[PDB]
Amino acid sequence: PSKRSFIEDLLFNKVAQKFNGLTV
Amino acid sequence: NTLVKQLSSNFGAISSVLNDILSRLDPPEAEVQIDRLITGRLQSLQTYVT
Amino acid sequence: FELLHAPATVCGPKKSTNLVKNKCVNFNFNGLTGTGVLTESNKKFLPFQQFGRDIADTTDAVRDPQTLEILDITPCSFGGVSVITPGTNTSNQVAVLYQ
Amino acid sequence: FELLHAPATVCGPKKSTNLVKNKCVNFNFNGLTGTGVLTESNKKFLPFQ
Amino acid sequence: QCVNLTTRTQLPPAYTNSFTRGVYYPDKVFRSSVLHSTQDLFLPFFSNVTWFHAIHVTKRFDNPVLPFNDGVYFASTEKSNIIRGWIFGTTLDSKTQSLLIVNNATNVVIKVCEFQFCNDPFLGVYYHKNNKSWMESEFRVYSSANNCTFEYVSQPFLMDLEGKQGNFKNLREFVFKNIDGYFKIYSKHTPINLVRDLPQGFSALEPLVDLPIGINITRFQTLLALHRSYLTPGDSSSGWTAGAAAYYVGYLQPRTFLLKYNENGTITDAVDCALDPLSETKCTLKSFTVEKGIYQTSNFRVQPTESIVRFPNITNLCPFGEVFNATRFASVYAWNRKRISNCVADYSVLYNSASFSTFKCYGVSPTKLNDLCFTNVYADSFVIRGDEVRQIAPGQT
């Protein structure tokens with residue numbers, strides 16, 4: 001489904017607060 | 001998580017929620033506790049941004 | 001007398017009102033006040049308890065002293081205001097962006 | 001001699017001194033305590049300021 | 001009460017729109033080639049104010065008593081000198097010190113006494129045929145004055161008092177404020193040339209004279225004038241002409257404008273800071289030319305509306321007969337502890353039974369007891385000597 005190779009898809013699996021003023 | 005633990009502290013007072021201190025102490029007398037909460041939070045902001 | 005150490009049983013000359021949901025109005029349960037939207041919560045508490053905290057040590061849900069139900073607290077203070085302008089030389093029109 | 005809530009407009013004349021220039025001395029104009037040199041200026045300000 | 005006018009055709013006032021007006025000097029600091037922004041009560045741009053008219057050529061003569069709020073912007077398009085003076089006060093019934101600022105044809109006398117105003121004060125002159133002088137005839141302003149607190153006499157002059165009908169000539173703009181009793185006056189005259197409405201552009205209100213008066217202005221009223229020629233009989237029925245002037249009554253609101261200082265030191269432009277999204281960016285970044293990019297302003301908050309309270313069913317009253325003012329309490333060493341719960345308690349019902357000489361609450365405000373919920377109330381009663389009450393305190397010995 002994504003435009004990535006088999007090596008790029010293998011390493012992707014390994015890798016309330018905003019209410020207090022911690023926006024992301 | 002460090003800034004989360006600082007909000008629950010009293011910083012020398014008896015409570016941490018601003019809606020609890022004003023409900024039991026009048027602003028003319030609660031000024032000695034609100035100033036400690038603001039100053040005690042400015043130290044965590046300067047440390048976090050550093 | 002103590003403050004916020006036992007369920008309400010004394011209180012004073014304060015009459016109770018109705019219960020409104022899906023609104024970001026103020027609330028008061030056993031002296032503890034706050035601001036948040038009272039919605040539904042699938043989690044249940046314990047019969048020998050009342051208040052409830054979380055990971056951030058905040059009041060997320062408080063048991064009602066009448067219906068004895070579970071209502072989650074969600075403050076509506078969540079959002080920001082932004083504006084993008086292409087410049088005062090091109091045109092005098094902007095676009096309000098919500099965070 | 002009465003003292004009420006009305007703004008008191010009867011005070012006392014303040015004693016004025018001289019004017020020293022080209023020296024780093026202390027001055028006090030309109031309650032503004034400052035220490036500097038009162039050098040001449042050519043530009044003008046506003047009559048109501 | 002007095003002698004007013006008859007057959008008055010009152011017309012409902014209309015609504016107008018401002019054109020960037022009501023910008024005065026917030027401070028007395030000279031600035032040049034530097035931008036400055038402060039918080040002060042100004043006039044919001046593109047606002048909706050009440051527009052009053054005085055057309056007669058019909059039969060209209062309206063002058064209500066509008067309340068005086070924090071800063072009132074007054075702009076009158078006087079074309080033939082119709083508006084004379086203004087009055088200020090609270091009740092206006094010879095009871096409080098009222099501010100009388102009237103601009104007659106002789107001297108600009110400003111007195112602060114206890115005048116007795118009628119239901120409709122105005123000025124009445126009679127224009128003769130042999131002479132062209134606009135002398136003062138009927139003077140229906142006040143009845144008498146007893147005690148006064150301020151007097152002022154201006155220089156003797158001769159007012160023109162024209163009577164040309166058609167287009168407007170002068171434009172008087174006054175800003176009546178009252179900050180801590182100090183009545184600020186900002187006068188600014190500018191000749192105009194149009195039919196009606198309000199001219200555009202930008203003006204600067206210059207101060208006149210400050211009069212420290214210790215009163216409390218609540219309401220005000222703008223007075224007019226009546227020009228009676230030789231053709232009118234001179235009675236108060238229909239022989240009166242109010243002209244065809246108009247005046248704007250606007251109230252100042254606490255806003256924030258970005259003042260502009262050029263090389264001369266005068267304000268020539270004003271930028272909003274909390275109104276339009278485009279004007280807010282120029283005031284936040286302090287720059288009139290904003291580059292093409294993305295910027296941030298304030299946050300987003302939703303203010304609450306209602307407030308519900310949920311307390312358990314407590315339909316019992318705590319007995320104050322055996323707890324307070326009983327027949328005999330215990331000593332200081334063998335004090336008795338009583339548990340009070342499952343009942344509604346209150347201290348405002350204790351002043352009628354016994355006058356408390358010392359009601360000090362430690363660790364809690366005494367006025368916040370009826371706003372919280374008591375928990376485990378223990379009654380610790382003991383009778384000691386009056387010289388030992390000061391020792392009973394959380395911190396003494």
# chains A, B, ... in the order shown; residues from 1 in each chain; ligands from 1
call {"tool": "closest_atom_pairs", "arguments": {"of": "chain A", "to": "stretch 55-78 of chain C", "cutoff": "9 Å", "atoms": "only C-alpha atoms", "output": "JSON lines"}}
result
{"residue": "A:16", "atom": "CA", "partner": "C:56", "partner_atom": "CA", "distance": 7.9}
{"residue": "A:17", "atom": "CA", "partner": "C:56", "partner_atom": "CA", "distance": 7.9}
{"residue": "A:18", "atom": "CA", "partner": "C:78", "partner_atom": "CA", "distance": 7.5}
{"residue": "A:19", "atom": "CA", "partner": "C:78", "partner_atom": "CA", "distance": 6.7}
call {"tool": "write_last_selection", "arguments": {"atoms": "N, CA and C atoms", "output": "CSV table (one decimal), in the first residue's frame"}}
result
chain,number,residue,atom,x,y,z
A,16,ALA,N,-4.5,13.9,26.6
A,16,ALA,CA,-4.4,14.1,28.0
A,16,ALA,C,-3.2,15.0,28.4
A,17,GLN,N,-2.1,14.9,27.6
A,17,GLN,CA,-1.0,15.8,27.9
A,17,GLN,C,-1.2,17.2,27.4
A,18,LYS,N,-2.0,17.4,26.3
A,18,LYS,CA,-2.2,18.7,25.8
A,18,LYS,C,-3.2,19.5,26.7
A,19,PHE,N,-3.9,18.9,27.6
A,19,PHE,CA,-4.8,19.6,28.5
A,19,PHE,C,-4.0,20.5,29.5
call {"tool": "interface_residues", "arguments": {"of": "chain E", "to": "chain C", "cutoff": "6 Å", "atoms": "only C-alpha atoms", "output": "number ranges by chain"}}
result
E: 289-292, 294, 296-297, 299-301, 304-312, 341-345, 370, 372-377
call {"tool": "atom_distance", "arguments": {"atom1": "atom CA of residue E:272", "atom2": "atom CA of residue E:43"}}
result
10.7 Å
call {"tool": "interface_residues", "arguments": {"of": "chain E", "to": "chain B", "cutoff": "12 Å", "atoms": "only C-alpha atoms", "output": "list in words"}}
result
residues 361, 362, 363, 364, 365, 366, 367, 368, 369, 370, 371, 372, 373 and 374 of chain E
call {"tool": "select_by_dssp", "arguments": {"residues": "stretch 47-93 of chain C", "states": "strand (DSSP E)", "output": "NGL selection string"}}
result
:C and (61-63 or 70-74 or 80-85)
call {"tool": "write_last_selection", "arguments": {"atoms": "N, CA and C atoms", "output": "PDB file, in the first residue's frame"}}
result
ATOM      1  N   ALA C  61     -12.891  11.514  36.126  1.00  0.00           N
ATOM      2  CA  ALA C  61     -14.276  11.090  36.292  1.00  0.00           C
ATOM      3  C   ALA C  61     -14.597  11.040  37.777  1.00  0.00           C
ATOM      4  N   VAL C  62     -15.765  11.562  38.147  1.00  0.00           N
ATOM      5  CA  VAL C  62     -16.215  11.589  39.533  1.00  0.00           C
ATOM      6  C   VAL C  62     -17.617  10.999  39.602  1.00  0.00           C
ATOM      7  N   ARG C  63     -17.849  10.153  40.602  1.00  0.00           N
ATOM      8  CA  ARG C  63     -19.149   9.519  40.764  1.00  0.00           C
ATOM      9  C   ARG C  63     -20.177  10.524  41.270  1.00  0.00           C
ATOM     10  N   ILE C  70     -21.192   6.947  36.269  1.00  0.00           N
ATOM     11  CA  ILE C  70     -19.826   7.297  35.899  1.00  0.00           C
ATOM     12  C   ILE C  70     -19.892   8.307  34.762  1.00  0.00           C
ATOM     13  N   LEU C  71     -19.357   9.503  35.002  1.00  0.00           N
ATOM     14  CA  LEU C  71     -19.336  10.571  34.010  1.00  0.00           C
ATOM     15  C   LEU C  71     -17.908  11.071  33.861  1.00  0.00           C
ATOM     16  N   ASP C  72     -17.364  10.962  32.652  1.00  0.00           N
ATOM     17  CA  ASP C  72     -16.002  11.400  32.393  1.00  0.00           C
ATOM     18  C   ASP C  72     -15.956  12.909  32.180  1.00  0.00           C
ATOM     19  N   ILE C  73     -14.858  13.518  32.618  1.00  0.00           N
ATOM     20  CA  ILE C  73     -14.663  14.962  32.545  1.00  0.00           C
ATOM     21  C   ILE C  73     -13.674  15.253  31.425  1.00  0.00           C
ATOM     22  N   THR C  74     -14.100  16.054  30.455  1.00  0.00           N
ATOM     23  CA  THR C  74     -13.256  16.448  29.329  1.00  0.00           C
ATOM     24  C   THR C  74     -13.300  17.961  29.179  1.00  0.00           C
ATOM     25  N   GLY C  80      -6.361  26.158  19.155  1.00  0.00           N
ATOM     26  CA  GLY C  80      -5.605  27.380  18.977  1.00  0.00           C
ATOM     27  C   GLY C  80      -6.156  28.204  17.830  1.00  0.00           C
ATOM     28  N   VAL C  81      -5.676  29.443  17.747  1.00  0.00           N
ATOM     29  CA  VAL C  81      -6.090  30.391  16.719  1.00  0.00           C
ATOM     30  C   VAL C  81      -4.859  30.812  15.930  1.00  0.00           C
ATOM     31  N   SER C  82      -4.941  30.704  14.605  1.00  0.00           N
ATOM     32  CA  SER C  82      -3.855  31.082  13.714  1.00  0.00           C
ATOM     33  C   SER C  82      -4.420  31.852  12.527  1.00  0.00           C
ATOM     34  N   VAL C  83      -3.536  32.559  11.830  1.00  0.00           N
ATOM     35  CA  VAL C  83      -3.919  33.354  10.668  1.00  0.00           C
ATOM     36  C   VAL C  83      -2.744  33.394   9.701  1.00  0.00           C
ATOM     37  N   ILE C  84      -3.035  33.176   8.420  1.00  0.00           N
ATOM     38  CA  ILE C  84      -2.032  33.185   7.360  1.00  0.00           C
ATOM     39  C   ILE C  84      -2.383  34.307   6.395  1.00  0.00           C
ATOM     40  N   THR C  85      -1.438  35.218   6.175  1.00  0.00           N
ATOM     41  CA  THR C  85      -1.630  36.341   5.277  1.00  0.00           C
ATOM     42  C   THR C  85      -0.605  36.292   4.152  1.00  0.00           C
TER      43      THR C  85
END
call {"tool": "residues_around", "arguments": {"residues": "residue D:19", "least_positions_apart": "2", "cutoff": "12 Å", "atoms": "only C-alpha atoms", "output": "MDAnalysis selection string"}}
result
chainID D and resid 16:17 21:23 25:29 37:39
call {"tool": "residues_around", "arguments": {"residues": "stretch 161-169 of chain E", "least_positions_apart": "3", "cutoff": "7 Å", "atoms": "only C-alpha atoms", "output": "list in words"}}
result
residues 77, 78, 79, 80, 81, 134, 191, 192, 193, 194 and 195 of chain E
call {"tool": "write_last_selection", "arguments": {"atoms": "N, CA, C and O atoms", "output": "compact mmCIF listing (two decimals), in the first residue's frame"}}
result
# COMPACT_ATOMS: atom_id res chain seq x y z
N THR E 77 -21.74 67.97 14.52
CA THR E 77 -21.51 68.63 13.23
C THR E 77 -22.24 69.96 13.24
O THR E 77 -23.23 70.18 12.53
N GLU E 78 -21.74 70.88 14.06
CA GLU E 78 -22.35 72.20 14.19
C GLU E 78 -22.10 73.02 12.94
O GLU E 78 -20.95 73.22 12.52
N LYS E 79 -23.18 73.51 12.33
CA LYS E 79 -23.10 74.36 11.15
C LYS E 79 -23.51 75.80 11.40
O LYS E 79 -23.10 76.68 10.63
N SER E 80 -24.31 76.07 12.44
CA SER E 80 -24.73 77.43 12.75
C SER E 80 -24.71 77.70 14.25
O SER E 80 -25.48 78.55 14.72
N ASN E 81 -23.86 77.00 15.00
CA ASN E 81 -23.75 77.15 16.45
C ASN E 81 -25.10 76.89 17.13
O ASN E 81 -25.81 77.79 17.56
N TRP E 134 -27.02 88.62 18.35
CA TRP E 134 -27.68 87.45 18.92
C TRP E 134 -27.58 87.49 20.45
O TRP E 134 -26.85 86.73 21.08
N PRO E 191 -12.53 72.40 10.25
CA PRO E 191 -13.57 72.79 9.30
C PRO E 191 -13.83 71.70 8.27
O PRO E 191 -12.91 71.09 7.73
N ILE E 192 -15.12 71.45 8.01
CA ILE E 192 -15.53 70.44 7.05
C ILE E 192 -16.39 71.09 5.97
O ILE E 192 -16.76 72.27 6.08
N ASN E 193 -16.73 70.33 4.93
CA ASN E 193 -17.55 70.86 3.84
C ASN E 193 -18.26 69.67 3.18
O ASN E 193 -17.75 69.08 2.23
N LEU E 194 -19.44 69.33 3.71
CA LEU E 194 -20.24 68.24 3.18
C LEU E 194 -21.70 68.49 3.55
O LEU E 194 -22.04 69.50 4.17
N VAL E 195 -22.56 67.56 3.16
CA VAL E 195 -23.99 67.69 3.44
C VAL E 195 -24.32 67.12 4.82
O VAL E 195 -24.82 67.83 5.70
call {"tool": "residues_around", "arguments": {"residues": "residue D:9", "least_positions_apart": "3", "cutoff": "12 Å", "atoms": "only C-alpha atoms", "output": "ChimeraX atom specification"}}
result
/D:3-6,12-13 /E:149-150,211-214
call {"tool": "write_last_selection", "arguments": {"atoms": "N, CA, C and O atoms", "output": "CSV table (one decimal), in the first residue's frame"}}
result
chain,number,residue,atom,x,y,z
D,3,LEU,N,-9.6,68.0,55.8
D,3,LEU,CA,-9.0,67.0,54.8
D,3,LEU,C,-10.1,66.0,54.6
D,3,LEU,O,-10.3,65.1,55.4
D,4,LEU,N,-10.7,66.1,53.4
D,4,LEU,CA,-11.7,65.2,53.0
D,4,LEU,C,-11.3,64.3,51.8
D,4,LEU,O,-10.1,64.3,51.5
D,5,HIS,N,-12.2,63.7,51.1
D,5,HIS,CA,-11.9,62.9,49.9
D,5,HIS,C,-11.7,63.7,48.7
D,5,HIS,O,-11.3,63.1,47.7
D,6,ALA,N,-12.0,65.0,48.7
D,6,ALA,CA,-11.8,65.8,47.5
D,6,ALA,C,-10.3,66.1,47.3
D,6,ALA,O,-9.5,66.1,48.2
D,12,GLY,N,1.6,74.2,48.9
D,12,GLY,CA,2.6,75.2,49.2
D,12,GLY,C,3.6,75.4,48.0
D,12,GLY,O,4.0,74.5,47.3
D,13,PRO,N,4.0,76.6,47.8
D,13,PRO,CA,5.0,77.0,46.8
D,13,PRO,C,6.3,76.2,47.0
D,13,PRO,O,6.9,76.3,48.1
E,149,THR,N,-18.5,74.5,44.7
E,149,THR,CA,-17.2,73.9,44.9
E,149,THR,C,-16.2,74.4,43.9
E,149,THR,O,-15.0,74.2,44.1
E,150,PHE,N,-16.6,74.9,42.7
E,150,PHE,CA,-15.6,75.3,41.7
E,150,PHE,C,-16.2,76.4,40.9
E,150,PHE,O,-17.4,76.4,40.5
E,211,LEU,N,-9.5,69.8,35.2
E,211,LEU,CA,-10.1,70.3,36.4
E,211,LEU,C,-10.3,69.3,37.5
E,211,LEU,O,-11.3,68.5,37.4
E,212,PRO,N,-9.4,69.1,38.5
E,212,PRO,CA,-9.6,68.1,39.5
E,212,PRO,C,-10.9,68.4,40.4
E,212,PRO,O,-10.8,69.2,41.3
E,213,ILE,N,-11.9,67.7,40.1
E,213,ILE,CA,-13.2,67.8,40.8
E,213,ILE,C,-13.6,66.5,41.4
E,213,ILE,O,-13.6,65.4,40.7
E,214,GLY,N,-13.8,66.5,42.7
E,214,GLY,CA,-14.1,65.2,43.4
E,214,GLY,C,-15.6,65.0,43.5
E,214,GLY,O,-16.2,65.1,44.6
call {"tool": "closest_atom_pairs", "arguments": {"of": "chain E", "to": "chain D", "cutoff": "12 Å", "atoms": "only C-alpha atoms", "output": "Markdown table"}}
result
| residue | atom | partner | partner_atom | distance |
| --- | --- | --- | --- | --- |
| E:25 | CA | D:49 | CA | 10.0 |
| E:26 | CA | D:49 | CA | 11.4 |
| E:27 | CA | D:49 | CA | 8.5 |
| E:28 | CA | D:49 | CA | 4.9 |
| E:29 | CA | D:49 | CA | 6.5 |
| E:30 | CA | D:45 | CA | 6.5 |
| E:31 | CA | D:45 | CA | 9.0 |
| E:32 | CA | D:45 | CA | 9.8 |
| E:97 | CA | D:6 | CA | 11.9 |
| E:149 | CA | D:6 | CA | 10.1 |
| E:150 | CA | D:9 | CA | 11.4 |
| E:180 | CA | D:7 | CA | 10.1 |
| E:181 | CA | D:7 | CA | 8.6 |
| E:182 | CA | D:7 | CA | 9.1 |
| E:186 | CA | D:48 | CA | 11.4 |
| E:205 | CA | D:48 | CA | 11.5 |
| E:206 | CA | D:48 | CA | 8.0 |
| E:207 | CA | D:48 | CA | 7.2 |
| E:208 | CA | D:48 | CA | 8.8 |
| E:209 | CA | D:48 | CA | 10.1 |
| E:210 | CA | D:48 | CA | 11.7 |
| E:211 | CA | D:7 | CA | 10.1 |
| E:212 | CA | D:7 | CA | 6.5 |
| E:213 | CA | D:7 | CA | 6.9 |
| E:214 | CA | D:6 | CA | 4.8 |
| E:215 | CA | D:6 | CA | 8.0 |
| E:216 | CA | D:6 | CA | 11.2 |
| E:263 | CA | D:45 | CA | 10.8 |
| E:264 | CA | D:45 | CA | 8.3 |
| E:265 | CA | D:45 | CA | 7.4 |
| E:266 | CA | D:46 | CA | 8.7 |
| E:267 | CA | D:46 | CA | 11.9 |
call {"tool": "closest_atom_pairs", "arguments": {"of": "chain A", "to": "chain B", "cutoff": "10 Å", "atoms": "only C-alpha atoms", "output": "Markdown table"}}
result
| residue | atom | partner | partner_atom | distance |
| --- | --- | --- | --- | --- |
| A:17 | CA | B:4 | CA | 8.3 |
| A:20 | CA | B:4 | CA | 7.9 |
| A:21 | CA | B:3 | CA | 9.7 |
| A:22 | CA | B:3 | CA | 9.1 |
call {"tool": "write_last_selection", "arguments": {"atoms": "N, CA and C atoms", "output": "mmCIF file, in the first residue's frame"}}
result
data_model
loop_
_atom_site.group_PDB
_atom_site.id
_atom_site.type_symbol
_atom_site.label_atom_id
_atom_site.label_comp_id
_atom_site.auth_asym_id
_atom_site.auth_seq_id
_atom_site.Cartn_x
_atom_site.Cartn_y
_atom_site.Cartn_z
ATOM 1 N N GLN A 17 -2.137 14.943 27.630
ATOM 2 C CA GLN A 17 -0.995 15.804 27.906
ATOM 3 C C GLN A 17 -1.214 17.224 27.403
ATOM 4 N N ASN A 20 -2.781 20.097 29.785
ATOM 5 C CA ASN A 20 -1.960 20.810 30.752
ATOM 6 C C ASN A 20 -1.017 21.812 30.097
ATOM 7 N N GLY A 21 -1.111 21.994 28.782
ATOM 8 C CA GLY A 21 -0.267 22.945 28.089
ATOM 9 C C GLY A 21 0.939 22.312 27.426
ATOM 10 N N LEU A 22 0.778 21.084 26.930
ATOM 11 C CA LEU A 22 1.849 20.351 26.256
ATOM 12 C C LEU A 22 1.356 19.947 24.864
#
call {"tool": "atom_distance", "arguments": {"atom1": "atom CA of residue E:157", "atom2": "atom CA of residue E:108"}}
result
9.2 Å
call {"tool": "select_by_dssp", "arguments": {"residues": "chain B", "states": "alpha helix (DSSP H)", "output": "MDAnalysis selection string"}}
result
chainID B and resid 2:7 18:24 27:49
call {"tool": "write_last_selection", "arguments": {"atoms": "N, CA, C and O atoms", "output": "short mmCIF file (atom, residue, chain, number, x, y, z; two decimals), in the first residue's frame"}}
result
data_model
loop_
_atom_site.label_atom_id
_atom_site.label_comp_id
_atom_site.auth_asym_id
_atom_site.auth_seq_id
_atom_site.Cartn_x
_atom_site.Cartn_y
_atom_site.Cartn_z
N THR B 2 8.13 15.14 33.62
CA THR B 2 8.66 15.99 34.69
C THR B 2 7.74 17.18 34.94
O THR B 2 7.48 17.54 36.10
N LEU B 3 7.23 17.80 33.88
CA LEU B 3 6.33 18.94 34.04
C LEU B 3 4.97 18.50 34.58
O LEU B 3 4.25 19.32 35.16
N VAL B 4 4.61 17.23 34.41
CA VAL B 4 3.34 16.74 34.93
C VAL B 4 3.41 16.61 36.45
O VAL B 4 2.44 16.94 37.16
N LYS B 5 4.54 16.14 36.98
CA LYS B 5 4.68 15.99 38.42
C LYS B 5 4.76 17.33 39.14
O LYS B 5 4.37 17.41 40.31
N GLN B 6 5.24 18.38 38.47
CA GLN B 6 5.34 19.69 39.10
C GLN B 6 3.99 20.36 39.31
O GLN B 6 3.84 21.13 40.26
N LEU B 7 3.02 20.09 38.44
CA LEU B 7 1.70 20.71 38.58
C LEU B 7 0.94 20.17 39.78
O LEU B 7 0.11 20.89 40.35
N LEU B 18 -5.87 25.51 41.08
CA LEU B 18 -6.18 26.95 41.29
C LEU B 18 -7.65 27.14 41.67
O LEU B 18 -7.98 28.20 42.22
N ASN B 19 -8.51 26.19 41.28
CA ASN B 19 -9.97 26.30 41.56
C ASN B 19 -10.26 25.81 42.98
O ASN B 19 -11.41 25.98 43.44
N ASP B 20 -9.27 25.19 43.63
CA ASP B 20 -9.46 24.75 45.01
C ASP B 20 -8.97 25.78 46.02
O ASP B 20 -9.57 25.94 47.08
N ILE B 21 -7.87 26.48 45.70
CA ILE B 21 -7.34 27.47 46.63
C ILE B 21 -8.25 28.69 46.69
O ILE B 21 -8.50 29.24 47.77
N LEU B 22 -8.76 29.13 45.54
CA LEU B 22 -9.64 30.29 45.52
C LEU B 22 -10.99 30.00 46.17
O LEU B 22 -11.67 30.92 46.64
N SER B 23 -11.39 28.73 46.20
CA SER B 23 -12.66 28.36 46.81
C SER B 23 -12.59 28.32 48.33
O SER B 23 -13.64 28.33 48.98
N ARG B 24 -11.39 28.28 48.91
CA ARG B 24 -11.22 28.25 50.35
C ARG B 24 -10.51 29.47 50.92
O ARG B 24 -10.66 29.74 52.11
N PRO B 27 -8.79 36.12 47.69
CA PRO B 27 -7.65 36.66 46.94
C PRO B 27 -6.80 37.62 47.77
O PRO B 27 -5.57 37.60 47.63
N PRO B 28 -7.39 38.48 48.61
CA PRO B 28 -6.53 39.33 49.47
C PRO B 28 -5.62 38.54 50.39
O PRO B 28 -4.56 39.07 50.78
N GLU B 29 -5.97 37.31 50.76
CA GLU B 29 -5.13 36.50 51.62
C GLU B 29 -4.43 35.35 50.90
O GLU B 29 -3.43 34.85 51.41
N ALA B 30 -4.93 34.93 49.74
CA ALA B 30 -4.33 33.85 48.98
C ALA B 30 -3.21 34.32 48.06
O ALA B 30 -2.69 33.51 47.28
N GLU B 31 -2.84 35.60 48.12
CA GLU B 31 -1.77 36.10 47.26
C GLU B 31 -0.40 35.56 47.66
O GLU B 31 0.52 35.59 46.84
N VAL B 32 -0.25 35.08 48.89
CA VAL B 32 1.03 34.52 49.32
C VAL B 32 1.23 33.10 48.81
O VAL B 32 2.35 32.58 48.87
N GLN B 33 0.18 32.45 48.32
CA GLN B 33 0.28 31.09 47.80
C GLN B 33 0.25 31.03 46.28
O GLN B 33 0.87 30.14 45.69
N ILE B 34 -0.46 31.96 45.62
CA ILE B 34 -0.50 31.97 44.16
C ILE B 34 0.85 32.40 43.60
O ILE B 34 1.30 31.88 42.57
N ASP B 35 1.52 33.34 44.26
CA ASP B 35 2.83 33.79 43.80
C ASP B 35 3.87 32.68 43.89
O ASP B 35 4.78 32.61 43.06
N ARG B 36 3.74 31.79 44.89
CA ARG B 36 4.67 30.67 45.00
C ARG B 36 4.42 29.63 43.92
O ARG B 36 5.36 28.95 43.49
N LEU B 37 3.17 29.48 43.48
CA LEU B 37 2.87 28.52 42.43
C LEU B 37 3.35 29.02 41.07
O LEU B 37 3.86 28.25 40.26
N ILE B 38 3.19 30.32 40.81
CA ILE B 38 3.65 30.89 39.54
C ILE B 38 5.17 30.86 39.47
O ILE B 38 5.76 30.48 38.45
N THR B 39 5.84 31.27 40.56
CA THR B 39 7.30 31.24 40.58
C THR B 39 7.83 29.81 40.56
O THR B 39 8.87 29.54 39.96
N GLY B 40 7.10 28.88 41.19
CA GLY B 40 7.60 27.49 41.26
C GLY B 40 7.40 26.77 39.94
O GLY B 40 7.99 25.67 39.77
N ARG B 41 6.63 27.36 39.02
CA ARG B 41 6.39 26.74 37.69
C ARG B 41 7.32 27.39 36.67
O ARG B 41 7.61 26.76 35.63
N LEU B 42 7.77 28.62 36.95
CA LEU B 42 8.66 29.35 36.01
C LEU B 42 10.04 28.68 36.03
O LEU B 42 10.75 28.77 35.01
N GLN B 43 10.41 28.05 37.15
CA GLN B 43 11.68 27.35 37.22
C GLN B 43 11.67 26.08 36.37
O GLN B 43 12.69 25.74 35.76
N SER B 44 10.53 25.39 36.31
CA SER B 44 10.44 24.20 35.47
C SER B 44 10.38 24.56 34.00
O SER B 44 10.86 23.78 33.16
N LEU B 45 9.80 25.71 33.66
CA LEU B 45 9.73 26.13 32.23
C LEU B 45 11.13 26.54 31.74
O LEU B 45 11.48 26.17 30.61
N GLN B 46 11.90 27.25 32.56
CA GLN B 46 13.25 27.63 32.16
C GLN B 46 14.17 26.43 32.11
O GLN B 46 15.13 26.41 31.33
N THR B 47 13.91 25.41 32.93
CA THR B 47 14.73 24.20 32.90
C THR B 47 14.36 23.32 31.72
O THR B 47 15.23 22.70 31.10
N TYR B 48 13.07 23.24 31.38
CA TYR B 48 12.64 22.43 30.25
C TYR B 48 13.10 23.03 28.93
O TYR B 48 13.55 22.30 28.04
N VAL B 49 13.00 24.36 28.79
CA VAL B 49 13.43 25.00 27.55
C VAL B 49 14.95 24.97 27.41
O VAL B 49 15.46 25.07 26.29
#
call {"tool": "residues_around", "arguments": {"residues": "residue E:111", "least_positions_apart": "6", "cutoff": "9 Å", "atoms": "only C-alpha atoms", "output": "mmCIF file with N, CA and C atoms, in the first residue's frame"}}
result
data_model
loop_
_atom_site.group_PDB
_atom_site.id
_atom_site.type_symbol
_atom_site.label_atom_id
_atom_site.label_comp_id
_atom_site.auth_asym_id
_atom_site.auth_seq_id
_atom_site.Cartn_x
_atom_site.Cartn_y
_atom_site.Cartn_z
ATOM 1 N N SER E 98 -23.146 69.167 40.856
ATOM 2 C CA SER E 98 -23.245 68.891 39.431
ATOM 3 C C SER E 98 -22.274 69.766 38.650
ATOM 4 N N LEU E 99 -21.760 69.216 37.553
ATOM 5 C CA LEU E 99 -20.821 69.923 36.692
ATOM 6 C C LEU E 99 -21.591 70.659 35.603
ATOM 7 N N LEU E 100 -21.461 71.984 35.577
ATOM 8 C CA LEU E 100 -22.143 72.832 34.604
ATOM 9 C C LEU E 100 -21.095 73.478 33.706
ATOM 10 N N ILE E 101 -21.007 73.007 32.469
ATOM 11 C CA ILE E 101 -20.082 73.550 31.477
ATOM 12 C C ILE E 101 -20.939 74.092 30.338
ATOM 13 N N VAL E 102 -21.272 75.378 30.408
ATOM 14 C CA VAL E 102 -22.110 76.037 29.416
ATOM 15 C C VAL E 102 -21.262 77.041 28.649
ATOM 16 N N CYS E 148 -21.371 75.920 46.353
ATOM 17 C CA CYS E 148 -20.556 75.685 45.171
ATOM 18 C C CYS E 148 -19.184 75.178 45.591
ATOM 19 N N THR E 149 -18.525 74.476 44.666
ATOM 20 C CA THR E 149 -17.195 73.937 44.910
ATOM 21 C C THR E 149 -16.156 74.364 43.883
ATOM 22 N N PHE E 150 -16.560 74.926 42.747
ATOM 23 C CA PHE E 150 -15.614 75.338 41.720
ATOM 24 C C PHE E 150 -16.242 76.443 40.884
ATOM 25 N N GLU E 151 -15.452 77.475 40.594
ATOM 26 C CA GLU E 151 -15.893 78.592 39.772
ATOM 27 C C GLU E 151 -14.813 78.917 38.753
ATOM 28 N N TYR E 152 -15.237 79.346 37.566
ATOM 29 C CA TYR E 152 -14.307 79.679 36.494
ATOM 30 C C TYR E 152 -14.948 80.713 35.582
ATOM 31 N N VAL E 153 -14.206 81.777 35.285
ATOM 32 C CA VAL E 153 -14.662 82.848 34.409
ATOM 33 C C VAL E 153 -13.670 82.980 33.262
#
call {"tool": "residues_around", "arguments": {"residues": "stretch 68-70 of chain E", "least_positions_apart": "5", "cutoff": "9 Å", "atoms": "only C-alpha atoms", "output": "list in words"}}
result
residues 41, 88, 89, 176, 177, 178, 179, 217, 218, 219, 220, 251, 252 and 253 of chain E
